[PDB]
Amino acid sequence: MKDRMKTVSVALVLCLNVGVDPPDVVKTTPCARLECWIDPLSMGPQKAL
Amino acid sequence: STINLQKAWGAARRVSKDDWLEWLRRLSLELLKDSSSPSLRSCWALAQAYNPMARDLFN
Amino acid sequence: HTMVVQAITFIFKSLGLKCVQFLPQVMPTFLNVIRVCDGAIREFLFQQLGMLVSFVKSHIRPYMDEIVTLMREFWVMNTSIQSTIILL
């Protein structure tokens, strides 16, 4: 296996923008909300983000 | 869309209880038949059969 | 009977994905009407319910148990109602 390679850097872009739903979506009442195993609506936007 | 409306408005020749009641009924039903909002218009067909339903969409 | 529901459907189709607001008001009574009526209107009510479900898509979850119970009760070898229930 001559063609060795590696990965060195990672960039994490998150377009969350907690608290507001985009126009395209209408959501049910319970709905699915967990993100990375955190509920974003139990805190403030900045802390959750 | 305001020819029947004018007739319903400017009759004003009623001389009896029933005549003025007929004026009221004609005015109410006509207002439903022609309304910008589609939700109200859809009720017209029912109002002609059930009167008590009228007097509720009048305002 | 007929007009009352014929209007309601027309409203939903016109509103779009905003009729959900009225689901709690309409659904509990609607089902109760199907269980207690005459053999002359049940097919029409089932068809209108199918149209309502088509308009409402996923927000029809909490009433599926009662809907299924109704379908279970009123499925019979009669040819007429079977096609309506299959389309539903």
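Residues numbered from 1 in each chain as written, not as in the entry; some residues may be left out. Chains lettered and ligands numbered in written order. Part of a larger assembly, values for the part shown. Heavy atoms only, no water.

As summarised from the PDB record, the model derives from cryo-EM at a stated resolution of 2.86 Å.

This part takes up the packing of helix α2 (residues 23-35) of chain C against helix α3 (residues 42-56) of chain C. All names here are of chain C. Where α2 contacts α3, the axes come no closer than 11 Å and their chain directions differ by 155°. With respect to α3, the axis of α2 lies roughly antiparallel. Of the two possible hands of crossing, α2 and α3 adopt the one that is left-handed. Residues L23, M27, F30, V33, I34 and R35 of α2 lie in contact with α3, whose contacting residues are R42, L45, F46, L49, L52 and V56. (Axes fitted to C-alpha atoms, helices over the stretch in contact; angles between N-to-C directions. Helix = DSSP H or I, 4+ residues; strand = E, 2+ residues; numbered from the N terminus. Parallel < 35°, antiparallel > 145°, perpendicular 65-115°, else oblique. Left-handed = near helix turned anticlockwise from the far one by under 90°. Contact = heavy atoms within 4.5 Å.)

Okay, helix α1 (residues 2-15) of chain C next. All names here are of chain C. A rise of 1.5 Å per residue sets the reference length of α1, with its 14 residues, at 20 Å; its end C-alpha atoms lie 21 Å apart and thus fit the reference within 8%. Of the residues making up α1, those classed as buried are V5, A7, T9 and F12. Against the buried residues of α1 lie α2 and α3. Note on α1: the residue one or two positions beyond its end, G16, has a positive phi of about 95°. (Expected span 1.5 Å × (residues − 1). Buried < 20%, exposed > 50% of the residue type's maximum accessible area, 1.4 Å probe, protein only.)

Listed as interface residues are 5 residues of chain C and, on the opposing side, 4 residues of chain B. When chain C packs against chain B, close to 430 Å² is buried across both sides, 87% of that on carbon and sulfur atoms. Sorting the residues of chain C by area buried against chain B places C:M3, C:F10 and C:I11 first, and these three jointly supply 66% of that buried surface. Put simply, chain C and chain B have 0 salt bridges between them. The interface formed by chain C and chain B includes 0 residue pairs in polar contact. Taken together, the residues of the side of chain C that touches chain B break down into 5 nonpolar, no polar and no charged. (Buried area = accessible area lost by both parts, 1.4 Å probe. Salt bridge = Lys/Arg side-chain N within 4 Å of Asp/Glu carboxyl O. Polar contact = N/O pair within 3.5 Å; in protein donor to acceptor, adjacent residues only side chain to side chain. Nonpolar A, V, L, I, M, F, W, Y, C, P; charged D, E, K, R; others polar.)

We now examine the arrangement of the chains. Contact analysis covers 2 pairs of chains in contact, and the most contacts occur between chains B and C. In this view chain A stays clear of chain B, with the nearest C-alpha atoms of the two still 22 Å from each other.

Residues and elements named next belong to chain C. Membership of the largest hydrophobic core comes to 21 residues, with the highest contact counts inside it found for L23, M27, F30, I34, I60, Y63 and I67. Within the residue set of this core, elements represented by two or more residues are α1, α2, α3, α4 (64-73) and α5 (79-87). Considering each element in turn, this core owes the most residues, 6 residues, to α2. Those residues in contact with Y63, other than ones at most four positions away along the chain, are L23, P24 and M27. (Core = buried A, V, L, I, M, F, W, Y, C linked by side-chain atoms within 4.5 Å.)

Before going further, it helps to spend a moment on the layout of surface pockets. All names here are of chain B. Space inside the largest pocket adds up to approximately 370 Å³. Each residue belonging to the lining of the largest pocket can be placed in one class, and the counts come to 8 nonpolar, 3 polar and 4 charged. In this structure, the second largest pocket spans a volume of roughly 220 Å³. Lining the second largest pocket are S1, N4, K7, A8, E22, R25, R26, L29, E30, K33 and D34. (1 Å grid on protein atoms, 1.4 Å probe; cavity = no way out; pocket = protein on both sides within 12 Å on 5 of 7 lines; lining within 4 Å. Points joined across faces, edges and corners; volume = space filled by probe spheres on them.)

With that out of the way, let us pick up the packing of aromatic side chains. All names here are of chain B. If you walk through the whole model with that rule in mind, you get 1 aromatic pair over all chains. Where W20 meets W23, the ring centres are 5.5 Å apart and the plane angle is 80°; that geometry is what we call edge-to-face. Remark: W23 and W20 occur in helix α2 (residues 17-33); sequence separation between them is 3 residues, near one turn of the helix. (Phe/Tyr/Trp six-rings, centres within 6.5 Å; stacked < 30°, edge-to-face > 60°.)

We now examine the packing of α2(C) against α4(C). Residues and elements named next belong to chain C. As a packed pair, α2 and α4 sit with axes 11 Å apart at the nearest point and diverge in direction by 10°. Taken together, the axis directions place α2 and α4 in an arrangement best described as roughly parallel. Contacts between α2 and α4 involve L31, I34 and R35 from the first element and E66, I67 and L70 from the second. The residue inventory of the contact of α2 with α4, partitioned by class, reads 4 nonpolar, no polar and 2 charged.

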